[PDB]
Structures are given as C-alpha cells and as structure tokens.
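Engineer: Have a look at this one before I ask anything.
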Amino acid sequence: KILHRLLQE
Amino acid sequence: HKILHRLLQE
Amino acid sequence: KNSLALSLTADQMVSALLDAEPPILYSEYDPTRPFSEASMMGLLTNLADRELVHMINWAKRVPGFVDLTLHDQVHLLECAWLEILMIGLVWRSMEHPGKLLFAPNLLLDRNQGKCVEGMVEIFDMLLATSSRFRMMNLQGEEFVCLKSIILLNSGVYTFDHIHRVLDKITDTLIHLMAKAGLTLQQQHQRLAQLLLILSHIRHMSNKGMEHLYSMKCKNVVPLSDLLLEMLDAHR
Amino acid sequence: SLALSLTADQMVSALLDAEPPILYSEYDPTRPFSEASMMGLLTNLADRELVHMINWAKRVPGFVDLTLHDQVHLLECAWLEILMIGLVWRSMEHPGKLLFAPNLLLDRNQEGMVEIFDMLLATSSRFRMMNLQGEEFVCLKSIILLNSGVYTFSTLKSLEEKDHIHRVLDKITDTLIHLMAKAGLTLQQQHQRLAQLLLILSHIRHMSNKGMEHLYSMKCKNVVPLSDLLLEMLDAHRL
Ligand SMILES: CC1=CC[C@@]2(C)CC[C@@](O)(C(C)C)[C@@H]2[C@@H](OC(=O)c2ccc(O)cc2)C1
Ligand SMILES: CC1=CC[C@@]2(C)CC[C@@](O)(C(C)C)[C@@H]2[C@@H](OC(=O)c2ccc(O)cc2)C1
C-alpha cells in the first residue's frame, strides 16, 4: 500500500 | 404519516 | 417551559432510568440453529421490530425527552434507534464471551454469522464491544446512562435543553463512579473510556444501516413498515 | 515508551509542535466550475492534506510505538474523521461557512453535498458554542487517531498492543482535564466539558461514514478525479 510505504518513510 | 409519530402519541 | 429533568437529583435520575428499562424479549421457539440468511434475519428483524415498540415507550420515560416537541422526539429516535438496539444487544451479551445474546433463546456465535454475506464483520465488532464492556466491569446503572446519552446526543447536532440534560446525565455517571469508590482520576478516566465507546457504537450503527439497506433492496427477508421507516429516515 | 513518561504540558507542546500546515486549493474566481470540478478542488486538496497527516501521525506520542500494520490500520480507519475535524476547526471563526482553504471559503449555497455540508457546519457551530481551545483540539484529533480503529484489529501478543493504545488514550484524557483545571473550571465543569468534547467524536464518526459512502459513489461515477492514495484509503473501508 501507499500508506504503508509513506509510514515506512 | 409516520408510524413512529403515532406510536409516540400512544 | 422549565423541564423537571434538571431539577432531579442523581439518585432520582438513576431510579427513573432503571425503572424505565424495557424487558428482555424472546425469539421464536424453534430449536433449529439458524444458518441461512432467510431464517436468521427473519428472527432478527422480528425481534428488532418488537424491541422498537418497547424502545419508543422507554424513550418517553427518559427525563427531559417528553419536554421536546413531537418532531424533535421523532428526529432523535430516528437517528439513534439502531445504536440503542445494538448497545442493548451488547449489554445482554456481556456475560457470554464470544456470543451475542439476541434473546435468551437465541444465543449466536460468529460461526452462524459468517454464513451470511457481510454479517460477520458487524458481528465481530459487536463481540469486541461486549468484551470491552466486560473487562471494564460496566454496571447496569452506567449502562442505562449511556443509552439515554445516545438517545439525546446522536441527532442533537442535526437540529440548550438537550445539552443541559446531557450535562445532567454526565453528573449522574460521575455520581455512580464516586458511589462505587473510584478515585477522582479513575472517575474521569472511566468517563472518557465509556464515551469513546459511543464512537464505535455509532460506527456499528452506520454499518448496520447500510447492511439493512441492501437487505431491503434484495427484498428477500420481509421487513415491517415500522422497520422500513426507521431505515428510510437515514436516506 | 517516551509517550507514557510525558507530562500534560509536554503532551500539549508535542501535539502543538506537530500540527500540519494549512494548504491552498487551486480555486480561481475567474474560472468557471462545475459541481464535479469544484469537487475536484476538494479531492485534490484532501489528497495533499493526507500526506501531511501521515507524517503528523508519526509525531503523535505512542503512534510509532505500534507495529507498522497497526499504524496502517489506525490511519485507514481514522483518516476522514481527522480531515473533517480539521476542516471544522478551520471554519470555527466563519459562521455559516466552511474554510476548505484560505482561498476557498464556501457557504451551503454553493450537489448531494448539502447534507454533509450542514453537519460540518453544525459541528463548527458547536465548537464555537463551546469556545473550543486549540490545546483541546489537538488532543481530540490524537484521540481519534488512536481510538477509531482500536476495536477492529489474533493473539494475546496482539492484545498487548491494544493495551498500549488505551494507556496513551488515558494519558490524553489526563491532559484534557489538566487543561480545563488550569482554565479555572470547577470539577463538575471539567467533567461536563470532557463529556461534551468526547460526544463530538460520535458525530464526527457519523460524518466520516456518510462521507465514505459519498466518496464511493463518486468513484463509481468516475467523473471526479481521485488520487491513488485516496482510492486505497477508500478501499480500506470495503464499501
Ligand atoms: C450482526 C447483525 C447484522 C445485520 C444487521 C446489522 C442488519 C440489521 C440489524 O441491525 C437488525 C435490525 C436485523 C442486524 C443486526 O441485528 C441487531 O443488531 C439486532 C437484532 C435484533 C435485535 O433485537 C437487536 C439488535 C445483526
Ligand atoms: C461536504 C463535503 C461533501 C462531500 C465529501 C464528504 C466527499 C468526500 C469529502 O469528505 C472530501 C474527501 C472531498 C467531501 C467533503 O470534503 C471534505 O470534507 C474535505 C475536503 C478537503 C479537505 O482538505 C478536507 C475535507 C465535502
């Protein structure tokens, strides 16, 4: 997910 | 019109 | 103009609510375990319909409610009805971990729920709320306060009296917690905890409403005209 | 956990410092808009606000103490509630209007939007009626982030995670009380306002669910541009 990646930085 | 309106009166 | 509700003491408020409590109803007495949508939803909608009639007469006995115009009473009940049905269900189910007690003769687990398309999701949410209530050791006196709060709050923005009565019930909740021996800090912590659950209950109602809507449009399980109108009110 | 160690004032300071910025829309008064292109301004703006929200969430005490899977879940469930309460907060000083952006202030006059529009206005009126304070607002917003998805999460280990969220939530409650006490409110007044504030979250959850359905309808009509991030957040709610 995009949200998943953004949270990972 | 609405049943609820009637039941609130009963 | 002045409402009697605001002049009531905490103990008077508590007794009024306890005394207004509707009864626990039974479902049909067929010993078969419902698994199909038709049979199960038939029982549930029939039960819900009967609970609604009692709910309507219960609401009229909630201090401050009958002081509102009929139109305002209609609005609040139309907005809160499913939340109230659900919190009642959750309350009855508290002492039955993993199960939902729709009626004393209708205790169901999620295995029967997952046999109906889009049911188990709401089912699990209801179980989680029940379990949460159990771990918090929710008291009946607290339960009745939360239910009246839902009645007065849910549709209150889609409109001074209601907010004062709501304040009165907050006083009552704290009263009950102090009476139970809780420290000041535990009191507001517990007050917050209970109120936050009301957010989840609203969530379950909205989801349940969408589910009821599809049920209507699928036109398999017949719905009473009362249940249809309570649904229709949510557009 | 650095979160549980914070004092009330430290909690408020951390939340205030973590506030995302107010973004601009692409609205142009000299350019004509259809209902769909106007809505396009809002979905574009919401998408950009989301990127800031995700990074704001990282600065909310306790959030990063959670597994990545749990953070994802919490944001997926609370995102629209958070966008909305943010919108209402911006509009507080503008009776009858919604400040989507400094260059986009709309009243109810200017497509199936009116219903939700009115609910947002009612909430704004409520904030104004309560004289909601900035310190209280940031608390409310962090409470939504942690609370909205906590009851829709496996093992007893997965239960330990939820326990952490409850402790942080309790801490924010303590902060709210702290703020009210400092404001000179009596104990009775502190308890009443606390209830008033938290009941708000019920209406905000309601608007979020109604908005999610309008958003799903918009997708299916396939006329209003929706970003990939937005479409993924939407799908997370399995409508
Ligand atoms: C897990 C459920 C899923 C489907 C829904 C949401 C559809 C509508 C529902 O609320 C009920 C009115 C049939 C039902 C739920 O029923 C109740 O919550 C319910 C049913 C009967 C009652 O007397 C009280 C509550 C059960
Ligand atoms: C009253 C409105 C109705 C239509 C909805 C519910 C559809 C989805 C919506 O929440 C938004 C994501 C565009 C939108 C609402 O927009 C917002 O809530 C919004 C828009 C941009 C933001 O940056 C924040 C919120 C506007």
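We label chains A, B, ... in the order they appear in the structure tokens, count residues from 1 in each chain, and number ligands from 1 in the order shown.
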Compute the set of chain D residues within 9 Å of chain C, using only C-alpha atoms, and express it as a PyMOL selection string.

Structural biologist: chain D and resi 118-119+122-123+126+143+147-149+151-152+166+169-171+173-174+177+188+190-196+198-206+209-210

Engineer: What does the file look like for those residues with N, CA, C and O atoms, as a CSV table (one decimal), in the first residue's frame?

Structural biologist:
```
chain,number,residue,atom,x,y,z
D,118,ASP,N,-24.0,20.5,5.9
D,118,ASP,CA,-24.8,21.0,7.0
D,118,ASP,C,-24.3,20.4,8.4
D,118,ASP,O,-24.3,21.1,9.4
D,119,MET,N,-23.9,19.2,8.3
D,119,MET,CA,-23.4,18.5,9.5
D,119,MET,C,-22.1,19.1,10.0
D,119,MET,O,-21.9,19.4,11.2
D,122,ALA,N,-22.8,22.4,11.6
D,122,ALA,CA,-23.4,22.2,12.9
D,122,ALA,C,-22.3,21.9,13.9
D,122,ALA,O,-22.3,22.4,15.0
D,123,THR,N,-21.3,21.2,13.5
D,123,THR,CA,-20.1,20.9,14.3
D,123,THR,C,-19.3,22.1,14.6
D,123,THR,O,-18.9,22.4,15.7
D,126,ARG,N,-21.0,24.1,17.0
D,126,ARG,CA,-20.8,23.5,18.3
D,126,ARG,C,-19.5,23.9,18.9
D,126,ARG,O,-19.4,24.3,20.1
D,143,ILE,N,-6.8,11.7,19.8
D,143,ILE,CA,-7.7,10.7,20.4
D,143,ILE,C,-8.5,9.9,19.2
D,143,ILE,O,-8.6,8.7,19.3
D,147,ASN,N,-8.2,6.0,18.7
D,147,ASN,CA,-9.5,5.3,19.1
D,147,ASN,C,-10.3,4.7,18.0
D,147,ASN,O,-10.8,3.6,18.2
D,148,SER,N,-10.4,5.3,16.9
D,148,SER,CA,-11.4,4.9,15.9
D,148,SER,C,-11.2,3.5,15.4
D,148,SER,O,-12.2,2.8,15.1
D,149,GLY,N,-10.0,3.0,15.3
D,149,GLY,CA,-9.8,1.6,14.8
D,149,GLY,C,-9.3,0.6,15.8
D,149,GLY,O,-9.1,-0.5,15.4
D,151,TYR,N,-10.9,-1.1,18.0
D,151,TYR,CA,-11.8,-2.2,18.3
D,151,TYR,C,-12.1,-3.0,17.0
D,151,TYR,O,-13.0,-3.9,17.0
D,152,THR,N,-11.3,-2.8,16.0
D,152,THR,CA,-11.4,-3.6,14.7
D,152,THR,C,-10.1,-4.2,14.3
D,152,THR,O,-10.0,-4.5,13.1
D,166,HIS,N,-4.7,2.1,24.9
D,166,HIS,CA,-5.6,2.5,25.9
D,166,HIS,C,-4.8,3.4,27.0
D,166,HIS,O,-5.4,4.3,27.5
D,169,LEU,N,-4.4,6.8,25.4
D,169,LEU,CA,-5.7,7.4,25.5
D,169,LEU,C,-6.0,8.0,26.8
D,169,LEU,O,-6.5,9.1,27.0
D,170,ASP,N,-5.7,7.2,27.9
D,170,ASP,CA,-5.9,7.6,29.2
D,170,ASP,C,-5.1,8.9,29.5
D,170,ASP,O,-5.5,9.8,30.2
D,171,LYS,N,-3.9,8.9,29.0
D,171,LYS,CA,-2.9,10.0,29.2
D,171,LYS,C,-3.5,11.3,28.6
D,171,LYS,O,-3.3,12.4,29.2
D,173,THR,N,-6.6,12.0,28.1
D,173,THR,CA,-7.7,12.4,29.0
D,173,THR,C,-7.2,13.2,30.1
D,173,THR,O,-7.8,14.2,30.5
D,174,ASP,N,-6.1,12.7,30.7
D,174,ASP,CA,-5.5,13.4,31.8
D,174,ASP,C,-5.1,14.8,31.4
D,174,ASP,O,-5.2,15.8,32.2
D,177,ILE,N,-8.2,17.1,31.1
D,177,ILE,CA,-8.6,17.5,32.5
D,177,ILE,C,-7.6,18.6,33.0
D,177,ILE,O,-8.1,19.6,33.5
D,188,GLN,N,-16.9,19.8,38.6
D,188,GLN,CA,-18.2,19.4,37.9
D,188,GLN,C,-18.1,19.9,36.4
D,188,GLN,O,-18.5,19.3,35.5
D,190,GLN,N,-15.4,20.5,34.7
D,190,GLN,CA,-14.3,19.8,34.0
D,190,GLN,C,-14.9,18.5,33.4
D,190,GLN,O,-14.6,18.1,32.3
D,191,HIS,N,-15.7,17.8,34.2
D,191,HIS,CA,-16.3,16.5,33.8
D,191,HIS,C,-17.4,16.7,32.8
D,191,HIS,O,-17.5,15.9,31.9
D,192,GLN,N,-18.1,17.8,32.8
D,192,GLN,CA,-19.1,18.1,31.9
D,192,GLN,C,-18.5,18.4,30.5
D,192,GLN,O,-19.0,17.9,29.5
D,193,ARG,N,-17.5,19.3,30.5
D,193,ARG,CA,-16.9,19.7,29.2
D,193,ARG,C,-16.2,18.5,28.6
D,193,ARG,O,-16.1,18.4,27.4
D,194,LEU,N,-15.6,17.7,29.4
D,194,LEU,CA,-14.9,16.5,28.9
D,194,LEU,C,-15.9,15.6,28.2
D,194,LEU,O,-15.6,15.1,27.1
D,195,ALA,N,-17.1,15.5,28.7
D,195,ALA,CA,-18.2,14.7,28.1
D,195,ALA,C,-18.6,15.4,26.8
D,195,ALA,O,-18.7,14.7,25.8
D,196,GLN,N,-18.8,16.7,26.9
D,196,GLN,CA,-19.2,17.5,25.7
D,196,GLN,C,-18.2,17.3,24.6
D,196,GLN,O,-18.6,17.1,23.4
D,198,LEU,N,-16.0,14.8,24.1
D,198,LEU,CA,-16.0,13.4,23.6
D,198,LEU,C,-17.2,13.0,22.8
D,198,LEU,O,-17.1,12.2,21.9
D,199,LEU,N,-18.3,13.5,23.1
D,199,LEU,CA,-19.6,13.3,22.4
D,199,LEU,C,-19.5,13.8,21.0
D,199,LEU,O,-20.1,13.3,20.0
D,200,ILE,N,-18.6,14.8,20.8
D,200,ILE,CA,-18.3,15.4,19.5
D,200,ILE,C,-17.9,14.3,18.5
D,200,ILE,O,-18.2,14.2,17.4
D,201,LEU,N,-17.0,13.4,19.1
D,201,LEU,CA,-16.4,12.3,18.3
D,201,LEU,C,-17.4,11.4,17.7
D,201,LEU,O,-17.1,10.8,16.6
D,202,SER,N,-18.5,11.3,18.3
D,202,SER,CA,-19.6,10.4,17.8
D,202,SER,C,-20.2,11.0,16.5
D,202,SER,O,-20.4,10.3,15.5
D,203,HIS,N,-20.4,12.3,16.5
D,203,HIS,CA,-20.9,13.0,15.3
D,203,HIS,C,-19.9,13.0,14.2
D,203,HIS,O,-20.2,12.9,13.0
D,204,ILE,N,-18.6,13.2,14.6
D,204,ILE,CA,-17.5,13.2,13.6
D,204,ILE,C,-17.4,11.8,13.0
D,204,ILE,O,-17.2,11.7,11.8
D,205,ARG,N,-17.5,10.7,13.7
D,205,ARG,CA,-17.5,9.4,13.2
D,205,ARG,C,-18.7,9.2,12.2
D,205,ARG,O,-18.5,8.6,11.2
D,206,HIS,N,-19.8,9.8,12.5
D,206,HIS,CA,-21.0,9.7,11.7
D,206,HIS,C,-20.8,10.4,10.4
D,206,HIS,O,-21.1,9.8,9.3
D,209,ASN,N,-18.5,8.3,8.1
D,209,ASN,CA,-19.1,7.2,7.4
D,209,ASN,C,-20.0,7.6,6.3
D,209,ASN,O,-20.1,7.0,5.3
D,210,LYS,N,-20.7,8.8,6.5
D,210,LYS,CA,-21.6,9.3,5.4
D,210,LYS,C,-20.7,9.8,4.2
D,210,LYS,O,-21.0,9.6,3.1
```

Engineer: Using only C-alpha atoms and all ligand atoms, which protein or nucleic acid residues are at most 7 Å from ligand 1, as number ranges by chain?

Structural biologist: C: 41, 44-45, 47-48, 51, 82, 85-86, 89, 102, 113, 119-120, 122-123, 207-209, 211-212

Engineer: Selection from above, N, CA, C and O atoms, as a CSV table (one decimal), in the first residue's frame, can you write it?

Structural biologist:
```
chain,number,residue,atom,x,y,z
C,41,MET,N,-32.3,-13.9,9.6
C,41,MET,CA,-32.7,-12.5,9.5
C,41,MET,C,-34.2,-12.3,9.8
C,41,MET,O,-34.6,-11.3,10.3
C,44,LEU,N,-34.3,-12.1,13.5
C,44,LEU,CA,-33.7,-10.9,14.0
C,44,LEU,C,-34.5,-9.6,13.7
C,44,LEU,O,-34.7,-8.8,14.6
C,45,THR,N,-35.1,-9.6,12.5
C,45,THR,CA,-35.9,-8.4,12.2
C,45,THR,C,-37.2,-8.4,13.0
C,45,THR,O,-37.7,-7.4,13.4
C,47,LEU,N,-37.5,-9.7,16.0
C,47,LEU,CA,-37.1,-9.3,17.3
C,47,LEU,C,-36.9,-7.8,17.4
C,47,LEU,O,-37.4,-7.2,18.3
C,48,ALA,N,-36.2,-7.3,16.4
C,48,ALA,CA,-35.9,-5.9,16.4
C,48,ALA,C,-37.1,-5.0,16.3
C,48,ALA,O,-37.3,-4.0,17.0
C,51,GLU,N,-38.6,-5.0,19.8
C,51,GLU,CA,-37.8,-4.2,20.6
C,51,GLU,C,-38.0,-2.7,20.4
C,51,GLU,O,-38.0,-1.9,21.3
C,82,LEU,N,-30.9,2.4,16.0
C,82,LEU,CA,-30.1,1.2,15.8
C,82,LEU,C,-28.9,1.2,16.8
C,82,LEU,O,-28.6,0.1,17.3
C,85,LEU,N,-30.5,-0.2,19.9
C,85,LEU,CA,-30.7,-1.7,19.7
C,85,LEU,C,-29.4,-2.4,20.0
C,85,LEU,O,-29.4,-3.4,20.7
C,86,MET,N,-28.3,-1.9,19.4
C,86,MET,CA,-27.0,-2.5,19.4
C,86,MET,C,-26.4,-2.5,20.8
C,86,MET,O,-25.8,-3.5,21.3
C,89,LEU,N,-28.1,-5.1,22.8
C,89,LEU,CA,-27.6,-6.4,22.4
C,89,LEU,C,-26.3,-6.7,23.1
C,89,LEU,O,-26.1,-7.7,23.7
C,102,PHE,N,-29.0,-12.3,21.3
C,102,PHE,CA,-30.1,-11.6,20.7
C,102,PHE,C,-31.4,-11.8,21.6
C,102,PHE,O,-32.2,-10.8,21.8
C,113,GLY,N,-22.8,-16.3,12.0
C,113,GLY,CA,-22.7,-15.0,11.4
C,113,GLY,C,-22.0,-15.0,10.0
C,113,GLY,O,-22.5,-14.4,9.1
C,119,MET,N,-22.1,-10.1,7.2
C,119,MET,CA,-22.6,-10.1,8.6
C,119,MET,C,-21.6,-10.2,9.7
C,119,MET,O,-21.6,-9.5,10.7
C,120,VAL,N,-20.6,-11.1,9.4
C,120,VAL,CA,-19.6,-11.4,10.5
C,120,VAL,C,-18.8,-10.2,10.8
C,120,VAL,O,-18.3,-10.1,12.0
C,122,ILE,N,-19.8,-7.0,11.1
C,122,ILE,CA,-20.5,-6.3,12.2
C,122,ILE,C,-20.6,-7.2,13.4
C,122,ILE,O,-20.6,-6.7,14.6
C,123,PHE,N,-20.7,-8.5,13.2
C,123,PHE,CA,-20.8,-9.5,14.3
C,123,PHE,C,-19.6,-9.3,15.2
C,123,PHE,O,-19.7,-9.2,16.5
C,207,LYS,N,-22.8,1.1,9.8
C,207,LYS,CA,-22.5,-0.1,9.0
C,207,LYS,C,-23.7,-1.0,9.0
C,207,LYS,O,-24.1,-1.6,8.0
C,208,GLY,N,-24.4,-1.2,10.2
C,208,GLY,CA,-25.6,-2.0,10.3
C,208,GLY,C,-26.7,-1.4,9.4
C,208,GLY,O,-27.5,-2.2,8.8
C,209,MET,N,-26.7,-0.1,9.3
C,209,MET,CA,-27.8,0.6,8.5
C,209,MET,C,-27.6,0.3,7.0
C,209,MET,O,-28.5,0.0,6.3
C,211,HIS,N,-26.1,-2.3,5.8
C,211,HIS,CA,-26.4,-3.7,5.7
C,211,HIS,C,-28.0,-4.0,5.6
C,211,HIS,O,-28.4,-4.7,4.8
C,212,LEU,N,-28.7,-3.2,6.4
C,212,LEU,CA,-30.1,-3.3,6.4
C,212,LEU,C,-30.7,-2.8,5.1
C,212,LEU,O,-31.7,-3.3,4.6
```

Engineer: Which residue, C:7, C:75, C:175, C:232, has the smallest gap to residue C:216 when you use only C-alpha atoms?

Structural biologist: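 Selected residue with least distance to residue C:216: C:232.
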
Engineer: Which protein, DNA or RNA residues have an atom within 8 Å of ligand 2, counting only C-alpha atoms and all ligand atoms, as a VMD selection string?

Structural biologist: chain D and resid 39 to 49 80 83 to 84 86 to 87 100 to 101 112 to 118 120 207 to 208 210 to 212 214 to 215 218

Engineer: Find the residues around residue A:6 up to 12 Å (only C-alpha atoms counted), leave out those fewer than 3 positions away in its own chain, and share them as a PyMOL selection string.

Structural biologist: (chain A and resi 1-3+9) or (chain D and resi 50-58+68+71-72+75+229)

Engineer: Please identify all polymer residues within 12 Å of residue B:10, counting only C-alpha atoms, omitting same-chain residues fewer than 4 positions from it, and present them as a tab-separated table (two decimals) with N, CA and C atoms, in the first residue's frame.

Structural biologist:
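In the end it all went to result_39.tsv:
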```
chain	number	residue	atom	x	y	z
B	3	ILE	N	-45.43	5.95	11.26
B	3	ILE	CA	-45.85	5.09	12.35
B	3	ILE	C	-45.24	5.55	13.67
B	4	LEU	N	-43.97	5.93	13.62
B	4	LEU	CA	-43.25	6.39	14.80
B	4	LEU	C	-43.97	7.56	15.45
B	5	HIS	N	-44.46	8.48	14.64
B	5	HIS	CA	-45.19	9.64	15.15
B	5	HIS	C	-46.44	9.20	15.90
B	6	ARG	N	-47.12	8.18	15.37
B	6	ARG	CA	-48.31	7.66	16.03
B	6	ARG	C	-47.97	6.95	17.34
C	53	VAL	N	-40.84	-1.14	19.52
C	53	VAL	CA	-42.05	-0.68	20.19
C	53	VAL	C	-41.77	-0.38	21.66
C	54	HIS	N	-41.03	-1.26	22.32
C	54	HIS	CA	-40.65	-1.03	23.71
C	54	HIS	C	-39.70	0.16	23.83
C	56	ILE	N	-39.55	2.80	22.01
C	56	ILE	CA	-40.32	4.02	21.83
C	56	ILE	C	-41.00	4.45	23.13
C	57	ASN	N	-41.55	3.47	23.85
C	57	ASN	CA	-42.19	3.76	25.13
C	57	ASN	C	-41.18	3.99	26.25
C	60	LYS	N	-39.89	7.76	26.02
C	60	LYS	CA	-40.82	8.72	26.59
C	60	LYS	C	-40.67	8.84	28.11
C	70	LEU	N	-42.94	16.85	19.59
C	70	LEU	CA	-43.06	15.54	18.96
C	70	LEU	C	-42.06	15.39	17.81
```

Engineer: Set the cut-off to 12 Å and count only C-alpha atoms: what are the residues of chain C that reach chain B? Output as a ChimeraX atom specification.

Structural biologist: /C:49,52-61,65-66,68-78,81,224-233

Engineer: So that I can check the secondary structure, give me every residue of stretch 18-175 of chain D assigned strand (DSSP E) by backbone DSSP, as a tab-separated table (two decimals) with C-alpha atoms, in the first residue's frame.

Structural biologist:
```tsv
chain	number	residue	atom	x	y	z
D	97	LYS	CA	-19.17	28.79	6.02
D	98	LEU	CA	-16.58	26.06	5.56
D	99	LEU	CA	-12.94	27.07	5.13
D	100	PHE	CA	-11.61	24.26	2.95
D	101	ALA	CA	-8.67	26.58	2.30
D	104	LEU	CA	-11.75	28.58	-0.71
D	105	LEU	CA	-14.49	29.61	1.72
D	106	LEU	CA	-17.92	28.22	0.83
D	107	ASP	CA	-21.42	28.53	2.25
```

Engineer: I'd like the interatomic distance between atom CA of residue D:189 and atom CA of residue C:179, to a tenth of an Å.

Structural biologist: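 Computing it gives 18.9 Å between the two atoms.
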
Engineer: Neighbouring residues of residue C:24 were defined as those with any atom within 9 Å, considering only C-alpha atoms; residues of the same chain fewer than 5 positions away were excluded. Please report them as a PDB file with N, CA, C and O atoms, in the first residue's frame.

Structural biologist:
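Okay, result.pdb is ready:
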```
ATOM      1  N   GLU C  51     -38.640  -5.042  19.757  1.00  0.00           N
ATOM      2  CA  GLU C  51     -37.819  -4.214  20.638  1.00  0.00           C
ATOM      3  C   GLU C  51     -38.032  -2.720  20.376  1.00  0.00           C
ATOM      4  O   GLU C  51     -37.953  -1.903  21.294  1.00  0.00           O
ATOM      5  N   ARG C  92     -26.667  -7.290  26.944  1.00  0.00           N
ATOM      6  CA  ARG C  92     -27.168  -8.635  27.226  1.00  0.00           C
ATOM      7  C   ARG C  92     -26.093  -9.699  27.023  1.00  0.00           C
ATOM      8  O   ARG C  92     -26.127 -10.754  27.652  1.00  0.00           O
ATOM      9  N   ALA C 103     -31.544 -12.955  22.127  1.00  0.00           N
ATOM     10  CA  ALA C 103     -32.617 -13.266  23.064  1.00  0.00           C
ATOM     11  C   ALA C 103     -32.175 -14.448  23.920  1.00  0.00           C
ATOM     12  O   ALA C 103     -31.274 -15.187  23.533  1.00  0.00           O
ATOM     13  N   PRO C 104     -32.799 -14.631  25.092  1.00  0.00           N
ATOM     14  CA  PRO C 104     -32.392 -15.746  25.956  1.00  0.00           C
ATOM     15  C   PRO C 104     -32.416 -17.084  25.216  1.00  0.00           C
ATOM     16  O   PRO C 104     -31.620 -17.972  25.523  1.00  0.00           O
TER      17      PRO C 104
END
```

Engineer: What are the DSSP helix (DSSP H, G or I) residues of chain D, as JSON, numbers by chain?

Structural biologist: {"D": [2, 3, 4, 5, 8, 9, 10, 11, 12, 13, 14, 15, 16, 17, 35, 36, 37, 38, 39, 40, 41, 42, 43, 44, 45, 46, 47, 48, 49, 50, 51, 52, 53, 54, 55, 56, 57, 63, 64, 65, 68, 69, 70, 71, 72, 73, 74, 75, 76, 77, 78, 79, 80, 81, 82, 83, 84, 85, 86, 87, 88, 89, 90, 91, 114, 115, 116, 117, 118, 119, 120, 121, 122, 123, 124, 125, 126, 127, 128, 129, 130, 134, 135, 136, 137, 138, 139, 140, 141, 142, 143, 144, 145, 146, 147, 156, 157, 158, 159, 160, 161, 162, 163, 164, 165, 166, 167, 168, 169, 170, 171, 172, 173, 174, 175, 176, 177, 178, 179, 180, 181, 182, 187, 188, 189, 190, 191, 192, 193, 194, 195, 196, 197, 198, 199, 200, 201, 202, 203, 204, 205, 206, 207, 208, 209, 210, 211, 212, 213, 214, 215, 216, 217, 218, 219, 220, 221, 228, 229, 230, 231, 232, 233, 234, 235]}

Engineer: Considering only C-alpha atoms, return as JSON, numbers by chain whatever protein or nucleic-acid residues lie within 9 Å of residue D:89, sequence-local ones (same chain, fewer than 6 positions apart) excluded.

Structural biologist: {"D": [99, 124, 127, 132, 134, 137]}

Engineer: Please produce a file of those selected residues containing C-alpha atoms, as a JSON list (two decimals), in the first residue's frame.

Structural biologist:
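Output contents, as saved in selection_25.json:
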```json
[["chain", "number", "residue", "atom", "x", "y", "z"],
["D", 99, "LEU", "CA", -12.94, 27.07, 5.13],
["D", 124, "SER", "CA", -18.40, 24.16, 13.66],
["D", 127, "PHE", "CA", -17.07, 24.27, 18.60],
["D", 132, "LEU", "CA", -13.13, 25.11, 21.80],
["D", 134, "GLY", "CA", -6.52, 24.94, 20.29],
["D", 137, "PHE", "CA", -8.48, 20.45, 19.53]]
```

Engineer: One decimal, Å: what's the distance from atom CA of residue D:74 over to atom CA of residue D:146, could you say?

Structural biologist: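 Separation between atom CA of residue D:74 and atom CA of residue D:146: 6.5 Å.
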
Engineer: What does the distance from atom CA of residue D:185 to atom CA of residue D:91 come to in Å, to one decimal?

Structural biologist: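 One can read the atom CA of residue D:185 to atom CA of residue D:91 distance as 25.9 Å.
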